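Report on the structure
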Amino acid sequence: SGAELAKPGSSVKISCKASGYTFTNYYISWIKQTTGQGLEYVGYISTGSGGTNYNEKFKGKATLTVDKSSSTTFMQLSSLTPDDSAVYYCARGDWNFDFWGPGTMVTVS
Amino acid sequence: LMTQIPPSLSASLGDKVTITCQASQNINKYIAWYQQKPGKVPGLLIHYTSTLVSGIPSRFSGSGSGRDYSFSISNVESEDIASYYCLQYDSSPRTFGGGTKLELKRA
């Protein structure tokens, strides 16, 4: 959740609620899918150590974070560009993302 | 990064199909394959090149060496339509292939 329409340059915070599992046994990662169906890696956080990594695409604008206690993954998008329009997923990461997000469409216009 | 060929793949039910990806460094078998059925989120099929994650039927198999990995469906069934994506985890950040849409050839 946290999606919706936003005007270019705006900011937004995406959430992701995990359940079933031991939250901190697994890394959560933010991946988007653009309207033309292309998939892109947005960011990677290790929820137990705080450590975040990103492609240049969003470097310095998006900020991934988590709460091992409340079982929450966050994406804080800042200075949104038109190209960030897309569906955003997270996904519980051991050697892959085997579950688990249903999406959440952000639209920058 | 990754390159996926072919882009479109018309196949008849019962047919076999092969979708391949190629990386820029040797990625040591750490690649996975996702199926995004239409109108749904993607789902995992094979991880570590060929290890079938549970629930996936054995008509799907993975293989590959150095930089080229292939997904094979021995007998294509109706439920297998949608877009397949390969993805490497050899080095962050995780990068996905552009996708191969499988369409069912029908009468």
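Refer to the preceding data block for the structure.
Heads up: these notes are all about the structure in this document. (Residues numbered from 1 in each chain as written, not as in the entry; some residues may be left out. Chains lettered and ligands numbered in written order. Heavy atoms only, no water.)

A few points about the overall build of chain B
Within chain B, the secondary structure is distributed over 0 helices and 11 strands. Ordering the α and β elements of chain B from the N terminus gives β-β-β-β-β-β-β-β-β-β-β. Against the globule reference of 13 Å for 107 residues, chain B gives a C-alpha radius of gyration of 13 Å, in line with a compact fold. Its C-alpha atoms give chain B principal-axis dimensions of roughly 45 × 25 × 25 Å. Split by element, the accessible area of chain B, about 5,300 Å² in all, is 47% carbon and sulfur. (Helix = DSSP H or I, 4+ residues; strand = E, 2+ residues; numbered from the N terminus. Rg over C-alpha atoms; globule rule 2.2 N^0.38 Å. Areas by Shrake-Rupley, 256 points an atom, 1.4 Å probe, with all protein chains shown as cover.)

Digging into the pairing of strand 8 (residues 86-89) of chain A
Residues and elements named next belong to chain A. Across 3 bridges, strand 3 (residues 27-33) lies against strand 8 in antiparallel orientation. Bridge assignment links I31 to a residue of strand 8, and that residue is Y89. The pairing of strand 8 with strand 10 (residues 105-108) spans 2 bridges and is antiparallel. Note on strand 10: the bridge partner recorded for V87 is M105. (Pairing = 2+ DSSP bridges.)

Thoughts on the sheet that holds strand 7 (residues 72-77) of chain A
All names here are of chain A. Pairing is antiparallel in the open sheet, where 3 strands are placed in the order 2-7-6. Sheet topology places strand 2 (12-17) and strand 6 (62-67) at the edges, where each strand pairs with a single neighbour. Pairwise comparison of adjacent strand axes, ignoring direction, gives a mean angle of 15° for this sheet. (Axes fitted to C-alpha atoms, helices over the stretch in contact; angles between N-to-C directions.)

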